[PDB]
Amino acid sequence: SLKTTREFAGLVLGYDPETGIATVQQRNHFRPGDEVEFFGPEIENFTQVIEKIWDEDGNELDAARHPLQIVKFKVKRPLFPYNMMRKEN
């Protein structure tokens, strides 16, 4: 069960189901090319590659390296607010 912030890399804040773009609050470093898993109740957990990331001002980022910054990127299946994201080994 969930004890600390070490256990995940992002918290989903929002998801645009028309465009596929998720809004994620970073908790630990992740970057384009990384594999992640989205999880939590109400979804089947799934993995994907992170293709490209941007901030809320539309700047592309080489990495989401700043704790609790809000970032955006395309996801491969729908998400609900407060689903979670972790790195996939």
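Residues numbered from 1 in each chain as written, not as in the entry; some residues may be left out. Heavy atoms only, no water.

In terms of determination method and resolution, the entry is listed under X-ray crystallography at 1.10 Å.

If you check the PDB entry, the protein appears there as Peptidase family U32 from Geobacillus thermoleovorans.

Trainee: Would you explain the pattern of salt bridges in this entry?
Mentor: For side chains of opposite charge, pairing can occur when their charged atoms come near one another. Taken as a whole and assessed by the stated rule, the structure comprises 4 salt bridges. With a closest N to O distance of 3.0 Å, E44 and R77 form a salt bridge. Here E44 is found in the loop between strand 3 (35–39) and strand 4 (46–49), whereas its partner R77 is found in the loop between strand 7 (70–74) and strand 8 (84–87), with 33 residues between them in sequence. Classification of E44 as exposed rests on a relative accessible area of 61%. Using a relative accessible area of 36% as the deciding quantity, one classes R77 as partly exposed. Among the ionic pairs, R65 bridges to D62, the shortest N-O distance being 2.9 Å. (Salt bridge = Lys/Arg side-chain N within 4 Å of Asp/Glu carboxyl O. Helix = DSSP H or I, 4+ residues; strand = E, 2+ residues; numbered from the N terminus. Buried < 20%, exposed > 50% of the residue type's maximum accessible area, 1.4 Å probe, protein only.)

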